[PDB]
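One file, start_32.pdb, carrying PDB, C-alpha atoms:
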```
MODEL        1
ATOM      1  CA  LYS A   7       2.522 -13.048  -8.639
ATOM      2  CA  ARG A   8       5.468 -11.605  -6.695
ATOM      3  CA  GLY A   9       7.381  -8.501  -7.388
ATOM      4  CA  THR A  10      11.063  -8.009  -7.074
ATOM      5  CA  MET A  11      11.049  -7.031  -3.383
ATOM      6  CA  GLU A  12       9.217 -10.105  -2.406
ATOM      7  CA  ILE A  13      11.360 -12.489  -4.403
ATOM      8  CA  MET A  14      14.381 -10.976  -2.750
ATOM      9  CA  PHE A  15      12.801 -11.540   0.633
ATOM     10  CA  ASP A  16      12.099 -15.151  -0.274
ATOM     11  CA  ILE A  17      15.730 -15.620  -1.236
ATOM     12  CA  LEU A  18      17.183 -13.877   1.755
ATOM     13  CA  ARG A  19      15.114 -15.670   4.338
ATOM     14  CA  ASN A  20      16.546 -18.911   2.929
ATOM     15  CA  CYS A  21      20.195 -17.704   3.047
ATOM     16  CA  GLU A  22      20.814 -17.508   6.702
ATOM     17  CA  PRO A  23      23.695 -17.896   7.298
ATOM     18  CA  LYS A  24      24.423 -19.491   3.914
ATOM     19  CA  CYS A  25      22.600 -20.887   0.853
ATOM     20  CA  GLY A  26      23.565 -22.687  -2.307
ATOM     21  CA  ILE A  27      21.466 -22.651  -5.446
ATOM     22  CA  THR A  28      19.335 -25.612  -4.402
ATOM     23  CA  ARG A  29      18.299 -23.848  -1.263
ATOM     24  CA  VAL A  30      17.644 -20.697  -3.238
ATOM     25  CA  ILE A  31      15.595 -22.317  -6.054
ATOM     26  CA  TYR A  32      13.519 -24.512  -3.798
ATOM     27  CA  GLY A  33      13.342 -22.197  -0.829
ATOM     28  CA  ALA A  34      12.305 -19.196  -2.804
ATOM     29  CA  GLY A  35      10.247 -21.139  -5.341
ATOM     30  CA  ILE A  36      11.986 -19.676  -8.395
ATOM     31  CA  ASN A  37      13.663 -21.203 -11.406
ATOM     32  CA  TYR A  38      17.381 -21.186 -12.105
ATOM     33  CA  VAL A  39      17.176 -18.257 -14.577
ATOM     34  CA  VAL A  40      15.289 -16.054 -12.108
ATOM     35  CA  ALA A  41      17.540 -17.177  -9.262
ATOM     36  CA  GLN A  42      20.699 -16.272 -11.214
ATOM     37  CA  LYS A  43      19.416 -12.770 -11.946
ATOM     38  CA  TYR A  44      18.335 -11.980  -8.366
ATOM     39  CA  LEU A  45      21.330 -13.538  -6.708
ATOM     40  CA  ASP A  46      23.535 -11.351  -8.835
ATOM     41  CA  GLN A  47      21.553  -8.273  -7.881
ATOM     42  CA  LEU A  48      21.766  -9.151  -4.166
ATOM     43  CA  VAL A  49      25.565  -9.573  -4.410
ATOM     44  CA  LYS A  50      25.761  -6.254  -6.228
ATOM     45  CA  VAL A  51      23.836  -4.342  -3.604
ATOM     46  CA  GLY A  52      25.868  -5.995  -0.785
ATOM     47  CA  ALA A  53      23.062  -8.194   0.662
ATOM     48  CA  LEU A  54      24.936 -11.422  -0.101
ATOM     49  CA  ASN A  55      28.628 -12.385  -0.394
ATOM     50  CA  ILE A  56      29.517 -15.082  -2.902
ATOM     51  CA  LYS A  57      32.121 -17.829  -2.547
ATOM     52  CA  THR A  58      32.898 -21.004  -4.461
ATOM     53  CA  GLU A  59      33.510 -24.079  -2.311
ATOM     54  CA  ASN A  60      33.639 -27.615  -3.793
ATOM     55  CA  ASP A  61      33.018 -26.161  -7.148
ATOM     56  CA  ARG A  62      29.575 -24.858  -5.951
ATOM     57  CA  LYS A  63      28.501 -21.246  -5.473
ATOM     58  CA  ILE A  64      27.690 -20.447  -1.843
ATOM     59  CA  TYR A  65      26.029 -17.221  -0.820
ATOM     60  CA  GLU A  66      26.169 -15.717   2.622
ATOM     61  CA  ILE A  67      23.873 -13.084   3.954
ATOM     62  CA  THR A  68      25.571  -9.953   5.166
ATOM     63  CA  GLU A  69      24.587  -7.581   7.919
ATOM     64  CA  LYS A  70      23.189  -5.261   5.232
ATOM     65  CA  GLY A  71      21.275  -8.256   3.781
ATOM     66  CA  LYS A  72      19.718  -9.053   7.132
ATOM     67  CA  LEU A  73      18.463  -5.478   7.299
ATOM     68  CA  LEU A  74      17.145  -5.706   3.784
ATOM     69  CA  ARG A  75      15.266  -8.934   4.698
ATOM     70  CA  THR A  76      13.763  -7.246   7.790
ATOM     71  CA  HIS A  77      12.692  -4.156   5.829
ATOM     72  CA  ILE A  78      11.094  -6.128   3.040
ATOM     73  CA  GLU A  79       9.271  -8.198   5.645
ATOM     74  CA  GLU A  80       7.943  -4.987   7.208
ATOM     75  CA  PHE A  81       6.845  -3.715   3.728
ATOM     76  CA  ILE A  82       4.961  -6.920   3.041
ATOM     77  CA  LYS A  83       3.157  -6.917   6.318
ATOM     78  CA  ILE A  84       2.036  -3.265   5.919
ATOM     79  CA  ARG A  85       0.944  -3.974   2.356
ATOM     80  CA  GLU A  86      -1.291  -6.729   3.669
ATOM     81  CA  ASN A  87      -2.806  -4.311   6.180
ATOM     82  CA  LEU A  88      -3.440  -1.860   3.336
ATOM     83  CA  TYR A  89      -5.380  -4.486   1.356
ATOM     84  CA  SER A  90      -7.529  -5.211   4.377
ATOM     85  CA  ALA A  91      -8.118  -1.511   5.047
ATOM     86  CA  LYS A  92      -9.145  -1.039   1.403
ATOM     87  CA  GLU A  93     -11.584  -3.954   1.653
ATOM     88  CA  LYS A  94     -13.135  -2.362   4.720
ATOM     89  CA  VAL A  95     -13.766   0.852   2.796
ATOM     90  CA  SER A  96     -15.158  -1.080  -0.130
ATOM     91  CA  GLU A  97     -17.681  -2.876   2.132
ATOM     92  CA  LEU A  98     -19.175   0.508   2.933
ATOM     93  CA  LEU A  99     -19.502   1.460  -0.765
ATOM     94  CA  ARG A 100     -22.541  -0.728  -1.556
ATOM     95  CA  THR A 101     -26.133  -0.096  -1.760
ATOM     96  CA  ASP A 102     -29.356  -2.149  -2.471
ATOM     97  CA  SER A 103     -31.692   0.913  -2.910
ATOM     98  CA  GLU A 104     -30.900   1.781  -6.622
TER      99      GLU A 104
ATOM    100  CA  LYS B   7      -3.369  13.603  -7.407
ATOM    101  CA  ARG B   8      -6.099  12.019  -5.268
ATOM    102  CA  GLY B   9      -8.086   8.963  -5.968
ATOM    103  CA  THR B  10     -11.716   8.437  -5.304
ATOM    104  CA  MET B  11     -11.318   7.207  -1.711
ATOM    105  CA  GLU B  12      -9.382  10.213  -0.722
ATOM    106  CA  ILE B  13     -11.714  12.721  -2.314
ATOM    107  CA  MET B  14     -14.550  11.087  -0.462
ATOM    108  CA  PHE B  15     -12.622  11.422   2.768
ATOM    109  CA  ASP B  16     -12.006  15.090   2.043
ATOM    110  CA  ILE B  17     -15.716  15.611   1.502
ATOM    111  CA  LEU B  18     -16.853  13.661   4.502
ATOM    112  CA  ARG B  19     -14.517  15.279   6.971
ATOM    113  CA  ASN B  20     -16.077  18.604   5.947
ATOM    114  CA  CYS B  21     -19.699  17.379   6.364
ATOM    115  CA  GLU B  22     -19.931  16.929  10.041
ATOM    116  CA  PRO B  23     -22.732  17.265  10.962
ATOM    117  CA  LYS B  24     -23.805  19.086   7.791
ATOM    118  CA  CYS B  25     -22.309  20.696   4.660
ATOM    119  CA  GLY B  26     -23.595  22.706   1.750
ATOM    120  CA  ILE B  27     -21.837  22.894  -1.588
ATOM    121  CA  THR B  28     -19.597  25.784  -0.572
ATOM    122  CA  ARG B  29     -18.244  23.811   2.312
ATOM    123  CA  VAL B  30     -17.811  20.806   0.067
ATOM    124  CA  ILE B  31     -16.064  22.625  -2.830
ATOM    125  CA  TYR B  32     -13.754  24.666  -0.659
ATOM    126  CA  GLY B  33     -13.274  22.153   2.108
ATOM    127  CA  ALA B  34     -12.462  19.299  -0.167
ATOM    128  CA  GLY B  35     -10.674  21.420  -2.767
ATOM    129  CA  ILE B  36     -12.730  20.163  -5.715
ATOM    130  CA  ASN B  37     -14.708  21.889  -8.420
ATOM    131  CA  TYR B  38     -18.479  21.906  -8.724
ATOM    132  CA  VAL B  39     -18.546  19.155 -11.400
ATOM    133  CA  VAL B  40     -16.418  16.794  -9.300
ATOM    134  CA  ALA B  41     -18.353  17.710  -6.163
ATOM    135  CA  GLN B  42     -21.704  16.930  -7.830
ATOM    136  CA  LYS B  43     -20.517  13.492  -8.932
ATOM    137  CA  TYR B  44     -19.069  12.461  -5.548
ATOM    138  CA  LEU B  45     -21.867  13.891  -3.482
ATOM    139  CA  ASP B  46     -24.292  11.847  -5.511
ATOM    140  CA  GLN B  47     -22.231   8.718  -4.984
ATOM    141  CA  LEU B  48     -22.050   9.337  -1.216
ATOM    142  CA  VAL B  49     -25.852   9.761  -1.030
ATOM    143  CA  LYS B  50     -26.250   6.575  -3.041
ATOM    144  CA  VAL B  51     -24.067   4.493  -0.772
ATOM    145  CA  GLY B  52     -25.785   5.941   2.352
ATOM    146  CA  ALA B  53     -22.835   8.045   3.644
ATOM    147  CA  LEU B  54     -24.767  11.311   3.306
ATOM    148  CA  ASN B  55     -28.465  12.279   3.470
ATOM    149  CA  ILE B  56     -29.603  15.138   1.261
ATOM    150  CA  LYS B  57     -32.145  17.845   2.076
ATOM    151  CA  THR B  58     -33.108  21.142   0.477
ATOM    152  CA  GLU B  59     -33.480  24.059   2.886
ATOM    153  CA  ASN B  60     -33.751  27.688   1.673
ATOM    154  CA  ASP B  61     -33.491  26.471  -1.820
ATOM    155  CA  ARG B  62     -29.946  25.101  -1.085
ATOM    156  CA  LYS B  63     -28.840  21.469  -0.972
ATOM    157  CA  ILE B  64     -27.656  20.425   2.489
ATOM    158  CA  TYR B  65     -25.909  17.142   3.107
ATOM    159  CA  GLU B  66     -25.692  15.404   6.434
ATOM    160  CA  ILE B  67     -23.277  12.694   7.332
ATOM    161  CA  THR B  68     -24.850   9.481   8.497
ATOM    162  CA  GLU B  69     -23.591   6.928  10.962
ATOM    163  CA  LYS B  70     -22.492   4.804   7.989
ATOM    164  CA  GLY B  71     -20.730   7.899   6.555
ATOM    165  CA  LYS B  72     -18.827   8.468   9.771
ATOM    166  CA  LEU B  73     -17.574   4.895   9.558
ATOM    167  CA  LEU B  74     -16.632   5.370   5.948
ATOM    168  CA  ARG B  75     -14.655   8.534   6.880
ATOM    169  CA  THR B  76     -12.842   6.642   9.673
ATOM    170  CA  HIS B  77     -11.994   3.699   7.403
ATOM    171  CA  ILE B  78     -10.691   5.864   4.603
ATOM    172  CA  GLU B  79      -8.597   7.756   7.139
ATOM    173  CA  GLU B  80      -7.123   4.450   8.329
ATOM    174  CA  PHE B  81      -6.402   3.424   4.673
ATOM    175  CA  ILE B  82      -4.589   6.676   4.015
ATOM    176  CA  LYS B  83      -2.450   6.454   7.076
ATOM    177  CA  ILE B  84      -1.391   2.842   6.311
ATOM    178  CA  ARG B  85      -0.677   3.799   2.710
ATOM    179  CA  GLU B  86       1.694   6.465   3.968
ATOM    180  CA  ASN B  87       3.455   3.885   6.133
ATOM    181  CA  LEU B  88       3.778   1.639   3.077
ATOM    182  CA  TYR B  89       5.509   4.402   1.089
ATOM    183  CA  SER B  90       7.966   4.924   3.910
ATOM    184  CA  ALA B  91       8.609   1.189   4.258
ATOM    185  CA  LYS B  92       9.246   0.973   0.503
ATOM    186  CA  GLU B  93      11.708   3.873   0.695
ATOM    187  CA  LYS B  94      13.567   2.079   3.465
ATOM    188  CA  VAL B  95      13.980  -0.992   1.268
ATOM    189  CA  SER B  96      15.064   1.141  -1.647
ATOM    190  CA  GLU B  97      17.817   2.786   0.455
ATOM    191  CA  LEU B  98      19.375  -0.639   0.860
ATOM    192  CA  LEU B  99      19.309  -1.333  -2.908
ATOM    193  CA  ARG B 100      22.255   0.915  -3.862
ATOM    194  CA  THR B 101      25.804   0.312  -4.485
ATOM    195  CA  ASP B 102      28.942   2.421  -5.388
ATOM    196  CA  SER B 103      31.207  -0.595  -6.280
ATOM    197  CA  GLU B 104      30.026  -1.209  -9.939
TER     198      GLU B 104
ENDMDL
END
```
Please render this file's structure as structure tokens.
Amino acid sequence: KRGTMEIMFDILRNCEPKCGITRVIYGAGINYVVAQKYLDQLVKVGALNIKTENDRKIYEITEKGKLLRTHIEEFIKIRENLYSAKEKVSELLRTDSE
Amino acid sequence: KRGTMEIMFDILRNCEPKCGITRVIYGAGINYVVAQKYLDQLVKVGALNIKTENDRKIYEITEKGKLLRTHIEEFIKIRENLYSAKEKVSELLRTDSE
């Protein structure tokens, strides 16, 4: 179960330099309805530019989009480290005396 | 607003080598009712030993307790890094075009 940040990451990392909807749906593992919503959001915040070529929508990652991809990646990796650190605390919160 | 892990950290870092209730209440910034609950938990999971000396309860951090303190500290620090990383993503999710 992915949140918004992570879906965006999964889109963006499949849109370098360009992506159509096939690449987005299959690369990010999201359906057409979800893809449409997020793509539109990413165009709005300037992470992707949109073109039509051969009657197909083509998205291109922007410099700002590359930075967004990098920052989400960094968030995800730290979040993983946080889960591990929490598990290490939890291991110490057991007892067999009681 | 602190969760359980963090309160425990705030107790433990004030119980080296020993702490009475004054040191726990004032050092961890928690009331007597909260302190009683957490102290009891920390004794149960083997992070503190409890003695009575001069009719006062004295708690001593154990080797396991020192490790618990260290691991919570590490959790807290990573959690802070996660907040910052999230803020950096958020900064990129704005637009003034719409």
Checklist entry - What do you get, as an NGL selection string, if you spell out every residue that the ChimeraX specification (/A :<8) & /B selects here? => result :B and (50-52 or 70 or 74 or 77-78 or 80-81 or 84-85 or 87-88 or 91-92 or 94-95 or 98-101 or 103-104)
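Put simply, atom CA of residue 9 of chain A is 26.9 Å away from atom CA of residue 57 of chain A.
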Next on the checklist: Between atom CA of residue 39 of chain B and atom CA of residue 72 of chain B, what is the distance in Å, rounded to a tenth?
Outcome noted: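 Atom CA of residue 72 of chain B lies at a distance of 23.7 Å from atom CA of residue 39 of chain B.
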Checklist entry - Can you tell me, as a ChimeraX atom specification, what residues are no more than 7 Å from residue 14 of chain A when counting all atoms listed in the file, ignoring any on the same chain fewer than 4 positions away? => result /A:10,18,44
Checklist entry - Which residues match the PyMOL selection byres ((chain A and resi 24) around 8) in the file above, as a VMD selection string? => result chain A and resid 20 to 23 25 to 26 64 to 67
Next on the checklist: One decimal, in Å: what's the spacing between atom CA of residue 17 of chain A and atom CA of residue 56 of chain A?
Outcome noted: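 Between atom CA of residue 17 of chain A and atom CA of residue 56 of chain A the gap works out to 13.9 Å.
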Missing atoms in segment 54-77 of chain B: fill them in up to N, CA, C and O atoms and send the result as a short mmCIF file (atom, residue, chain, number, x, y, z; two decimals), keeping the file's coordinate frame.
```cif
data_model
loop_
_atom_site.label_atom_id
_atom_site.label_comp_id
_atom_site.auth_asym_id
_atom_site.auth_seq_id
_atom_site.Cartn_x
_atom_site.Cartn_y
_atom_site.Cartn_z
N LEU B 54 -24.13 10.01 3.11
CA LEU B 54 -24.77 11.31 3.31
C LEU B 54 -26.28 11.21 3.03
O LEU B 54 -26.69 10.50 2.15
N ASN B 55 -27.08 11.94 3.80
CA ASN B 55 -28.46 12.28 3.47
C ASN B 55 -28.53 13.67 2.84
O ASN B 55 -27.72 14.53 3.16
N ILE B 56 -29.47 13.87 1.93
CA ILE B 56 -29.60 15.14 1.26
C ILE B 56 -30.97 15.75 1.58
O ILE B 56 -31.98 15.06 1.60
N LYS B 57 -30.95 17.04 1.83
CA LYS B 57 -32.15 17.84 2.08
C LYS B 57 -32.02 19.10 1.23
O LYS B 57 -30.91 19.47 0.88
N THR B 58 -33.14 19.76 0.96
CA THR B 58 -33.11 21.14 0.48
C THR B 58 -33.73 22.01 1.53
O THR B 58 -34.82 21.73 1.99
N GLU B 59 -33.03 23.08 1.90
CA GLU B 59 -33.48 24.06 2.89
C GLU B 59 -33.08 25.41 2.33
O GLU B 59 -31.92 25.57 1.89
N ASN B 60 -34.02 26.36 2.27
CA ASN B 60 -33.75 27.69 1.67
C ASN B 60 -33.28 27.63 0.26
O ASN B 60 -32.41 28.37 -0.16
N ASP B 61 -33.83 26.69 -0.45
CA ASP B 61 -33.49 26.47 -1.82
C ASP B 61 -32.04 26.03 -2.00
O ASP B 61 -31.52 26.13 -3.09
N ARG B 62 -31.36 25.59 -0.95
CA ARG B 62 -29.95 25.10 -1.08
C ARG B 62 -29.87 23.64 -0.66
O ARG B 62 -30.55 23.26 0.27
N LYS B 63 -29.08 22.85 -1.36
CA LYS B 63 -28.84 21.47 -0.97
C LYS B 63 -27.96 21.40 0.28
O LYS B 63 -26.99 22.16 0.40
N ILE B 64 -28.40 20.61 1.25
CA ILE B 64 -27.66 20.42 2.49
C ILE B 64 -27.46 18.95 2.66
O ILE B 64 -28.44 18.18 2.52
N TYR B 65 -26.23 18.55 2.92
CA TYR B 65 -25.91 17.14 3.11
C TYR B 65 -25.55 16.88 4.56
O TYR B 65 -24.98 17.76 5.27
N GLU B 66 -25.98 15.75 5.05
CA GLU B 66 -25.69 15.40 6.43
C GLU B 66 -25.05 14.08 6.50
O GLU B 66 -25.58 13.13 5.93
N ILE B 67 -23.99 13.96 7.26
CA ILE B 67 -23.28 12.69 7.33
C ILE B 67 -24.11 11.77 8.18
O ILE B 67 -24.73 12.21 9.15
N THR B 68 -24.13 10.51 7.78
CA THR B 68 -24.85 9.48 8.50
C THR B 68 -23.87 8.68 9.35
O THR B 68 -22.65 8.81 9.25
N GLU B 69 -24.43 7.82 10.18
CA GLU B 69 -23.59 6.93 10.96
C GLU B 69 -22.71 6.10 10.04
O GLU B 69 -21.51 5.92 10.28
N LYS B 70 -23.28 5.59 8.96
CA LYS B 70 -22.49 4.80 7.99
C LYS B 70 -21.37 5.64 7.36
O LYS B 70 -20.26 5.21 7.17
N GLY B 71 -21.70 6.88 7.08
CA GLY B 71 -20.73 7.90 6.56
C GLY B 71 -19.60 8.21 7.49
O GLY B 71 -18.47 8.38 7.07
N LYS B 72 -19.87 8.26 8.79
CA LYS B 72 -18.83 8.47 9.77
C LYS B 72 -17.85 7.30 9.76
O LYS B 72 -16.67 7.48 9.92
N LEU B 73 -18.38 6.09 9.64
CA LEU B 73 -17.57 4.89 9.56
C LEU B 73 -16.78 4.85 8.30
O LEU B 73 -15.61 4.51 8.32
N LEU B 74 -17.38 5.28 7.20
CA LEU B 74 -16.63 5.37 5.95
C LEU B 74 -15.47 6.34 6.06
O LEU B 74 -14.35 6.05 5.65
N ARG B 75 -15.73 7.51 6.63
CA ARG B 75 -14.66 8.53 6.88
C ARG B 75 -13.50 7.95 7.69
O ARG B 75 -12.35 8.08 7.33
N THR B 76 -13.81 7.27 8.79
CA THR B 76 -12.84 6.64 9.67
C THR B 76 -12.03 5.59 8.91
O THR B 76 -10.80 5.53 9.00
N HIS B 77 -12.71 4.73 8.15
CA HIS B 77 -11.99 3.70 7.40
C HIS B 77 -11.10 4.22 6.30
O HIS B 77 -10.00 3.68 6.09
#
```
